[PDB]
Amino acid sequence: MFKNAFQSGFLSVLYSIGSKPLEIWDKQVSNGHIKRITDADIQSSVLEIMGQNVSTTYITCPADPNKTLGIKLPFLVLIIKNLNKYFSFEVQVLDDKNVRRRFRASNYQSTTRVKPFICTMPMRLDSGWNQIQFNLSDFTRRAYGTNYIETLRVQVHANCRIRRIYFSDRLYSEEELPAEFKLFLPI
Amino acid sequence: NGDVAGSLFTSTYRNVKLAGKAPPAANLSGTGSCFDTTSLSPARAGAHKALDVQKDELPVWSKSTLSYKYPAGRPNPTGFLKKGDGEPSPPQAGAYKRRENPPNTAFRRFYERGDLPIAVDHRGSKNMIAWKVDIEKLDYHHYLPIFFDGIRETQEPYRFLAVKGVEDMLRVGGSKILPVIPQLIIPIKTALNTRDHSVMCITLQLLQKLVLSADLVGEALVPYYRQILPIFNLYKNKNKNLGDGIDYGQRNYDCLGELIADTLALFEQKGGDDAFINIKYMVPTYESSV
Amino acid sequence: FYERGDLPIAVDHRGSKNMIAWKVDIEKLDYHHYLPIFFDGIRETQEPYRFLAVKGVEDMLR
Amino acid sequence: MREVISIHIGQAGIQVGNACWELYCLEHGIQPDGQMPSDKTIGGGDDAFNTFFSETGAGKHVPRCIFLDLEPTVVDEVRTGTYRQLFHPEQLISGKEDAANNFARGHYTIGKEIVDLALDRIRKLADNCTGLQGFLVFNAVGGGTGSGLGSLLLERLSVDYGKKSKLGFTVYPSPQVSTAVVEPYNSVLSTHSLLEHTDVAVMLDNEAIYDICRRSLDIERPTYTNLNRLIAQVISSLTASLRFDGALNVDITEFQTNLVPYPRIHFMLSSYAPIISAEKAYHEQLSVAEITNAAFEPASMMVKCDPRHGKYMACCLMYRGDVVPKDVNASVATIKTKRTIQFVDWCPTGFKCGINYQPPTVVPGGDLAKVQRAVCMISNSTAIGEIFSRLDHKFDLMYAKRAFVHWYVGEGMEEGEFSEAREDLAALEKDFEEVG
Amino acid sequence: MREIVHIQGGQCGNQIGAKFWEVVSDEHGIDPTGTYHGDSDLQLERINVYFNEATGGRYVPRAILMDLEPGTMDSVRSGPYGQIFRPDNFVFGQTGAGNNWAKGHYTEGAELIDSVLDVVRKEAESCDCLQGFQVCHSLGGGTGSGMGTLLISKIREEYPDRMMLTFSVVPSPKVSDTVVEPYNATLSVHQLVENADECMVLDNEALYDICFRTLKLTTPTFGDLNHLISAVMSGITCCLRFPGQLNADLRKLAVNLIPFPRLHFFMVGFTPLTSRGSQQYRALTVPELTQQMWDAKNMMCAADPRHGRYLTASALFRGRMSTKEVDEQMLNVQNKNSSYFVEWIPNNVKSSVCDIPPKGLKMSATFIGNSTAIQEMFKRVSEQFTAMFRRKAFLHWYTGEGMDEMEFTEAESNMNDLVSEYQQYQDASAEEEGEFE
Ligand SMILES: CC(=O)O[C@H]1C(=O)[C@@]2(C)[C@H]([C@H](OC(=O)c3ccccc3)[C@]3(O)C[C@H](OC(=O)[C@H](O)[C@@H](NC(=O)c4ccccc4)c4ccccc4)C(C)=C1C3(C)C)[C@]1(OC(C)=O)CO[C@@H]1C[C@@H]2O
Ligand SMILES: Nc1nc2c(ncn2[C@@H]2O[C@H](COP(=O)(O)OP(=O)(O)OP(=O)(O)O)[C@@H](O)[C@H]2O)c(=O)[nH]1
Ligand SMILES: Nc1nc2c(ncn2[C@@H]2O[C@H](COP(=O)(O)OP(=O)(O)O)[C@@H](O)[C@H]2O)c(=O)[nH]1
Ligand SMILES: [Mg+2]
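Next comes the structure, spelled out in C-alpha cells:
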C-alpha cells in the first residue's frame with residue numbers, strides 16, 4: 001500500500017476536510033470518542049479524538065495489520081492542537097537492515113531511553129495550535145546508527161485534535177508550503 | 002460564550018416538529034390558564050426515590066451453593082399433576111433516571127403574583143427582555159436567587175424569562191454579584207439534580223457566564239465545589255462517537271461530555287492556585303489544564 | 124532502489140545507441156551511498172536493470 | 001571463589017528464604033547452630049559451602065544472604081525461630097512501618113531511608129567475596145515492599161555494579177487467584193522499573209504451583225509452606241553446578257548469554273520433574289526419557305501460560321542425579337521430532353543442557369520423595385506474552401475511573417508514572433510479537 | 001512499633017470499650033489485676049500494641065474514656081475489668097448533654113477538648129511508631145456524636161499522616177429510641193466524611209436479629225451486643241498482634257478497600273456464629289466460614305447487600321488452615337454471583353490469614369464489605385431528617401447553642417452528594433457506551 005505510487009514533494013495521509021477522512025485508518029475506542037467539529041482558532045473542521053486511558057484510544061494508519069504503509073519520504077509533519085492533556089503518537093520505521101524500529105513521542109514522559117525495538121522520547125508541545133516536524137531519518141541515524149528506508153505504520157493516541165498529517169520529503173519553509181499545507185490562523 | 006435565550010425555542014421546535022422526538026411528557030398539574038395561579042405542590046425536585054422492589058422478588062441466599070436464587074413456587078390446587086409425567103441481578107438504582115421536576119418553583123410563584131419588573135419584548139427582532147426599571151440599581155440579594163430558581167422550569171414562557179433574566183443581570187452586575195454567591199448554590203444544585211438534559215445544558219452555560227461575569231468570583235466559588243461537582247462526575251463521559259461523521263449539531267450546545275469539560279477548564283482557570291485539587295477531589299478523572 | 128525511483132539515472136535514447144542520462148552531475152555524487160548499490164545490480168538479468176547497473180558503474184569509475 | 005549474594009525482599013521473599021536456607025543448611029549438613037556436627041562429616045568435598053556461607057574464625061558457617069522487609073512481624077519470627085543462630089543480626093533488616101500494598105510507599109516514601117542501610121550491608125557482604133558470580137533476588141510482585149523496594153534496590157545495585165549479573169525469581173500475580181485487589185497497579189509499576197536493571201528474571205505463579213501440588217503430589221491441603229519447598233527444589237537444582245561437580249557445568253554467565261536473545265526478552269518459565277510422593281517413587285525407574293517428557297509437559301509449568309500457543313526461543317535443562325550424557329542427547333532429540341513443541345525458525349539450536357552428579361535432597365517431613373534423577377527446566381517461550389496481556393487489561397480496566405489513584409499520588413507519585421509504565425508493557429507486547 | 005491508641009466516647013462507646021478491653025485482656029491472658037497469667041510469649045511479643053507496661057509487671061490499656069454525666073464512668077470503674085484503667089485517663093463533665101449535637105459539638109465540647117488533647121498527646125509520645133487511632137461512638141446521642149466529631153477534627157489536624165478508625169453505631173431504621181436521632185446522625189456524618197479514614201457502621205436491629213436467629217438467644221442484652229462488637233473489633237487487629245502467613249496491616253486494609261476518598265462506610269460480620277447445640281457437631285472448615293460470612297444476615301448493620309454491588313470486600317481468617325481453600329472460595333463466590341460485584345474491578349476481595357486462632361476456637365473469620373447497598377441507610381436517615389426539619393420541630397434547642405439552619409442544609413446536601421456517589425458507582429460499567437444512551 002502506497003507502493004508504486006508517486007511521492008515527490010508531499011504526501012497527505014489524513015485531512016479533516018473531505019467526504020471521508022478515515023478512509024485508510026482503523027479506529028479503536030474504548031472509553032472515548034471520535035468526531036469532526038469546527039475549531040474556533042483555525043475556523044475550519046478538525047477531527048478530534050479524546051477519551052480516558054490514552055494507551056487504548058487511538059487510530060492506526062494501515063486499515064489492518066499485515067499491511068504496511070510503504071512511504072519513503074523522510075520528514076513527517078502533524079498539525080495538532082494542544083489540549084493540555086496526555087497525548088502520544090508512534091511511528092514504525094524500516095531500517096536499511098530488515099528490522100522494524102519504532103519511535104514514539106509522549107507529552108507525559110520526561111526521559112528518552114533507546115531500546116532494541118523502541119525509542120520513547122518526550123515531546124514539548126506548545127500552547128494551542130502547532131505543527132510538529134520529525135526528521136525521521138536523523139532519528140534512526142542518531143538512535144541506531146542506521147539509515148531510514150520507509151515508514152510502515154503510524155498511530156496517534158487520544159486527547160488531540162488533528163488537522164493535517166503529511167510527509168514532506170524535506171523541511172519546507174512557511175513560504176514554500178502551499179495554502180493547504182500550512183497554518184493560517186485567522187483573527 | 003454563546004447566548005442561551007435564542008437557542009432554546011428553535012431547538013424545541015426542531016426537536017418536536019421536525020423529528021418525531023418527544024417533549025417528553027412535561028407534567029403540568031395544578032397549572033391551568035395563564036390567568037389562574039397554580040397550586041404549588043409540596044414535593045421537591047431532584048429527590049432520590051425510595052426502592053420499590055417487592056418483598057419476595059429479592060432472591061434468597063442458598064447456604065449450599067453460595068448463590069442468590071429465587072424462591073420456589075408455592076403449590077396451587079388448580080395446578081395439580083395428572084396422569085402423564087415422564088420428565102438474579104440486583105435492582106438497579108436510578109442513577110441516570112430523570113427525577114420528577116414539579117412546577118413548584120419560587121420564580122413561577124413570584125411571576126404569578128406579578129412582582130417582577132420583567133416582560134417579554136416582542137418589538138425586537140427576536141424574543142428579548144424588557145425591564146420596567148433599570149437593571150443596575152436592582153436589589154440583587156432579593157432578585158438574583160429568584161431568577162436562578164426558575165432555570166429548572168420547562169413550561170413557556172417561564173424558562174425563557176428566567177434564563178434571559180440571569181443572562182442580562184450577570185452582564186451589568188459587576189461587584190454587586192460577589193456577596194450573593196452563598197445564596198445561589200441551592201437553586202443551582204437543585205437544577206442539576208433533575209437529571210434532565212434541557213435544564214442541565216442550560217445551567218452549565220449559565221455557570222460559565224457566572225464565573226466570567228466578574229472577577230474574584232472564582233475563589234469565592236471554590237469552597238462550594240463539594241455541592242455542585244457531584245453531578246459533573248456523572249455526565250462527564252456522555253459524548254457522541256461519530257467517527258467520520260461531522261457533528262452538525264455542534265452549531266448549538268447539546269453535548270454534555272464537553273459542555274462539562276469546558277466548564278471544568280474554566281473553573282480551574284478562575285479558581286486560583288488551589289481549585290485543581292478541590293476539583294480532583296470530587297471528579298477524580300479530571301486532568302490539570304495548565 | 125530503482126523501483127522506489129531514488130536513482131538519478133535514466134536511459135538516453137537520443138544518443139546513437141543506448142547511453143546513460145544523469146539527472147545530476149556524477150563527480151559530485153556520494154559514492155559511499157551509490158557505488159555499492161550499482162555494483163549490486165550486476166547480478167541482474169532482467170532488462171533494463173542489468174544494462175542500467177553495468178552502465179552506472181562503467182560511468183562512475185571513469 | 002564462586003560466591004553469590006541472596007537477597008530476599010518483602011514477605012514471600014523471606015518466606016521462601018525460610019525454605020531455601022532450610023534446604024542449603026540441610027544440603028551441606030549444616031545444623032541450625034551454624035556449625036558442622038564435626039563427628040559425622042558427610043560432605044564428600046570441602047569448600048563447597050562457600051557459595052552460600054562464610055566460615056568464621058572458628059567453626060561457624062554464616063549464610064551470605066540478606067532478609068529485607070518493612071514489616072517487623074515476620075523478620076522477628078526468624079529471630080525467634082530455630083534459624084536464629086544462623087544469621088548475623090546485622091543481616092536481618094526490618095522497619096517500624098509497612099508499605100501497605102502501595103508502590104509509592106515502597107518506592108518513594110519509606111524505602112529511600114533504609115536503602116543506605118541495606119546497601120552498606122551488601123558492601124560489607126561483597127567485600128569478603130573474591131569472585132562474585134551475581135546476586136539472586138527473591139521478590140513478590142504485587143505488594144508494596146516487594147515491588148516498591150525491589151525496584152528501588154535494583155537501581156541502586158545497577159549503578160554500583162552494573163557489570164554484575166542480577167537474577168530475579170519474582171512470584172507473579174495469578175490470573176484467577178488473587179490475594180489482593182490493587183496488585184495490577186504495583187505489578188505494572190514494578191516491571192517498568194526492574195526491566196532496565198535485572199539481567200535475567202525467572203517468573204512463577206502461586207496458582208500453577210497449586211495444581212502441580214494437586215495432580216502430582218495429590219495434596220488436598222496446600223499452603224505457602226508447601227509451595228516454598230518447590231522453589232527451594234528449583235534453585236538447589238539450578239545452583240548445583242556452582243557448588244557441585246558433574247559433567248557439563250553451567251555458571252550464571254554461561255546461563256544468561258544463551259537464553260536472552262534480545263536485551264529485554266528475559267521473562268522465563270520454569271518446570272520441575274519428577275514431582276511425586278513416596279509410594280509412587282519406588283514402583284518406577286524414572287528413566288531420563290520419561291522425565292524430560294514431563295518437563296516439557298504444559299501442566300508441569302509453574303506459571304499459568306500455555307506454551308503451546310507460542311514457540312520456544314530457547315530451553316535450559318539442568319539434570320540432577322544419575323544421568324549419562326547419551327540419554328539427554330537421545331531424549332532431547334526425541335522432542336525435536338515432536339510436533340506440538342514449536343521452535344521459532346531463527347533457532348535451529350535451542351537446548352543448553354547441564355548434568356550434576358549430586359542427586360537432589362529431600363527435607364525430612366516434607367512432601368517430595370527421594371530420587372536419583374531430577375530435571376529442572378528453564379525455557380524462554382514467546383507465548384509468555386499472554387500473561388503480560390492480562391495485566392494490560394486489568395490495569396486499563398480500573399485506570400479508566402482512576403480508582404485507588406489518590407493513594408499513589410498522595411505518597412509522592414504523579415499520574416505520569418502510570419502511563420509511563422503503561423507504554424513499556426504495550427511496547428513489550430509487540431516485542432513479543434515482532435519475534436514471530 | 002505499630003502502636004495503637006483507643007478512645008471511647010459517649011455512653012455507648014464507654015460501655016462497649018469495657019467489653020472490648022475485657023476481651024483483649026482475656027486474649028493476652030491478663031488478670032483484672034493487670035498481671036499476665038498466660039502461657040506463651042506470643043501474648044507478650046506484640047502486647048505493646050494496646051497496653052503500657054507499669055511497675056510491678058502489670059499492663060494498663062492505652063485507652064481514653066471521655067463522657068459527660070460521670071455515672072457511666074463510675075459504672076465502668078465498678079465493673080470487673082475497671083481497676084485496670086489509669087484514673088488519669090478519665091475525662092468527664094459534671095453537666096449533661098441532653099442528646100443535643102449542638103451543645104455536644106459547640107458549648108460543652110470546647111471545655112473538655114483541651115484536657116482530652118493533653119491526654120492524647122501525653123500518651124502519643126509514649127509510642128515508638130504510632131500506627132493510628134481508633135474510637136467508638138454512638139451516632140444517636142449528643143455526647144458521642146458531637147464530642148467524637150470535635151475530637152476527630154482535632155486529631156485529623158494534629159496527626160494527618162496517621163489513620164483513624166471509627167466503630168460507630170448508627171441510628172436504627174425501624175426503632176427510634178431517641179427522637180432527635182436523625183439530627184444527631186446527619187450533623188455527624190457531615191463531619192465524618194472529611195476526617196475519618198475507616199468507618200464501620202453497626203446497628204442494634206441487625207445485632208438483635210443475629211443474636212435471635214443464629215445464636216438462638218432468648219433475651220439478648222447489651223452485654224451480648226457488645227460481646228459481638230468486641231469480637232469484631234478484636235479480629236481487626238490480629239495481623240498486628242499475632243503472626244500470620246499472610247499478614248494484613250490496618251493501612252493495607254484501607255488501601256485495598258476504599259477506591260475513592262469518600263466511600264469509607266464499611267459493613268461487617270463475624271464467623272463462626274452458632275448455638276451450643278450445633279457447636280458439638282458442626283465441623284469448622286474454611287468452606288463453612290466463607291459460606292456463613294457471605295450471607296446477607298451476618299451484616300451487623302441493617303443494609304441488605306441484595307440492593308447493591310460489592311465495591312470491595314475483605315475476609316480476615318485466623319487459625320491454621322489451607323490458604324488455597326480461602327483463595328478459591330473467594331474466587332468461586334466472585335465467579336458464581338458475578339452480577340453483585342462491579343465490573344471495573346477484576347478481583348475485588350482481599351483474603352488475610354493469621355496463625356493464631358481465638359482462645360476458645362480452632363478457626364474464625366471476620367468479614368468487611370464496602371457494598372453500594374449502604375446508601376439506603378443514608379437515604380432513610382435523610383428522609384426522616386427532612387420530614388422533621390421541614391416543619392422546624394425541636395430546632396429551638398439546636399439554635400440555642402448558636403447554631404443556625406444553613407448547617408442542617410449543608411449536612412443534608414453532603415449526605416445527598418454521598419448517596420449520589422454511591423449510586424453512580426453502583427452502575428458505571430467499564431465501557432462508557434452503556435451508561436448514556
Ligand atoms: C466451651 C467452648 O469453647 O464453647 C464455645 C461455643 O460453644 C460458642 C458457641 C461461642 C460461645 O459464645 C456464646 O455463647 C455467645 C453468646 C452471646 C454472644 C456471643 C457469643 C462462647 O461463650 C464464646 C467462647 O469464645 C471464646 O472464648 C473466644 O475466645 C471469644 N472470647 C470471648 O468472647 C470472651 C468472652 C468473655 C470473656 C473472655 C473472652 C473471642 C472472640 C473473638 C475475639 C476474641 C475472643 C467459646 C469458644 C465458647 C463459649 C464459652 C460457649 C460462640 O461465640 C464465640 C465468640 O465463639 C457463640 O457462637 C460462637 C461459637 C462457639 O463455638
Ligand atoms: N508462593 C508463595 N507466595 C506468597 C507467600 N506469602 C505471600 N505470598 C503472596 O505474595 C503476595 C503478597 O506479597 P507481600 O510480600 O505480602 O507484599 P509486600 O511486598 O511485603 O508489601 P507489603 O504488603 O506492604 O508489606 C500475595 O499474593 C501472596 O499470595 C509464600 O509464602 N509463598
Ligand atoms: N451495643 C450497645 N448499645 C447501647 C448501649 N447502651 C446504649 N446503647 C445505645 O446508645 C443510644 C443512646 O446514645 P447515648 O450514648 O446514650 O447518648 P450520648 O451520651 O449523648 O451520646 C441508644 O440508641 C442506646 O440504645 C449498650 O450498652 N450496648
Ligand atoms: Mg507485604
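Protein chains in written order, with PDB author numbering: chain c, 1 to 187; chain d, 2 to 88, 102 to 304; chain l, 124 to 185; chain o, 1 to 436; chain t, 1 to 437. Where is the CB? At the ideal position from N, CA and C, for every residue including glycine.
Would you list, in chain order, the members of the segment 156 to 171 of chain o that have their beta-carbon closer than 9 Å to a beta-carbon of chain c?
-> For the segment 156 to 171 of chain o, which is checked against every Cβ of chain c, not one residue is closer than 9 Å.
Taking only beta-carbon atoms, is c/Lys-72 less than 9 Å away from chain l?
-> Chain l, which has a Cβ nearer than 9 Å to the Cβ of c/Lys-72, makes this yes.
Got a sec? Which residues, its chain only, sit under 7 Å from o/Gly-131 by beta carbon, not counting five neighbours each side?
-> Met-1, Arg-2, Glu-3
Pick from o/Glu-90, o/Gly-10, o/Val-435, o/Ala-12: whose alpha carbon is nearest that of o/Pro-263?
-> o/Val-435
Report the neighbours of o/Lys-401 on chain d: residues whose CB is nearer than 8 Å to its CB, in chain order.
-> Going along chain d in sequence order, the residues near o/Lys-401 (Cβ under 8 Å) are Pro-298, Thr-299.
l/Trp-145 - containing beta strand (DSSP E), residue span = 142 to 145
Below 8 Å between beta carbons is the criterion; list the residues of the segment 248 to 275 of chain d that meet it against any residue of chain c, in chain order.
-> Taking 8 Å as the Cβ-Cβ cut-off against chain c, the residues of the segment 248 to 275 of chain d that qualify are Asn-251, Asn-253, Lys-254, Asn-255, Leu-256, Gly-257, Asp-258, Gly-259, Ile-260, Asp-261, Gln-264, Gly-271.
DSSP-derived helix/strand/coil call for o/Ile-110 = coil
Within 7 Å of chain t by C-beta, residues of the segment 206 to 220 of chain o in sequence order = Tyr-210
Under 8 Å by Cβ, that's how I've got o/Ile-384 and o/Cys-305 pegged, so tell me the actual separation to the nearest angstrom.
-> 5 Å
Beta-carbon neighbours of d/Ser-68, restricted to chain t and to distances below 7 Å | Those are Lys-336, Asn-337, listed as they occur along chain t.
Residues with a Cβ closer than 6 Å to any heavy atom of ligand 4, in chain order?
-> o/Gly-10, o/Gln-11, o/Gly-143, o/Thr-145
Thinking C-alpha only, which one of t/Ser-314, t/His-396, t/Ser-176 is nearest t/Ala-365?
-> Per the Cα distances, t/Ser-314.
Can you have a look at c/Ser-45 and say buried or exposed, based on whether 16 or more other CB atoms are within 10 angstroms of its CB?
-> buried
What are the residues of the segment 262 to 287 of chain o that lie near chain t, defined by any Cβ-Cβ distance shorter than 7 Å?
-> none
What is the residue span of the alpha helix (DSSP H) that d/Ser-8 lies within?
-> Note, d/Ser-8: alpha helix (DSSP H), 6 to 14.
Same chain, Cβ closer than 6 Å to o/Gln-358, neighbours up to 5 away in sequence not counted | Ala-240, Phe-244
Given a threshold of 16 other Cβ atoms within 10 Å of its Cβ, counted over all protein chains shown, does l/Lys-151 qualify as buried or as exposed?
-> exposed
Quick one: Cα of d/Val-134 to Cα of d/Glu-170, how far?
-> 12 Å
Contact with chain c by d/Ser-303, beta-carbon distance below 9 Å = yes
Using a Cβ-Cβ distance under 9 Å, would o/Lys-326 count as near chain t?
-> Among the CB atoms of chain t, none fall inside 9 Å of the CB of o/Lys-326.
t/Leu-130: buried (16+ other C-beta within 10 angstroms of its C-beta) or exposed?
-> buried
Would you mind working out which of d/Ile-293, d/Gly-271, d/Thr-277, d/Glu-301 sits nearest t/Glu-437, comparing C-alpha positions?
-> d/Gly-271
Taking only runs that begin and end inside the segment 264 to 289 of chain t, name each unbroken beta strand (DSSP E) of 3 or more residues, in chain order.
-> 268 to 271
Just to confirm, are c/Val-77 and c/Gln-131 a CB contact at a threshold of 9 Å?
-> yes
9 Å Cβ cutoff, o/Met-398 in contact with chain t | yes
Does the beta carbon of c/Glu-175 sit closer than 9 Å to a beta carbon anywhere in chain l?
-> Taking Cβ atoms only, chain l never reaches closer than 9 Å to c/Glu-175, which makes this a no.
Pocket of ligand 1 defined by Cβ to heavy atom distance under 7 Å | t/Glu-22, t/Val-23, t/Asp-26, t/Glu-27, t/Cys-211, t/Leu-215, t/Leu-217, t/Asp-224, t/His-227, t/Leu-228, t/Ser-230, t/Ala-231, t/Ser-234, t/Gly-235, t/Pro-272, t/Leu-273, t/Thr-274, t/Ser-275, t/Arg-276, t/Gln-279, t/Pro-358, t/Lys-359, t/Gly-360, t/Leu-361, t/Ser-364
What number of angstroms, rounded off, separates the C-alpha of l/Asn-141 from the C-alpha of c/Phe-167?
-> 36 Å
Please work out which residues of its chain come closer than 6 Å, Cβ to Cβ, to t/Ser-230, disregarding the five sequence neighbours upstream and downstream, and give them in chain order.
-> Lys-19, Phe-20, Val-23
Kindly say whether c/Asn-107, judged by its beta-carbon, lies nearer than 9 Å to any beta-carbon of chain d.
-> no
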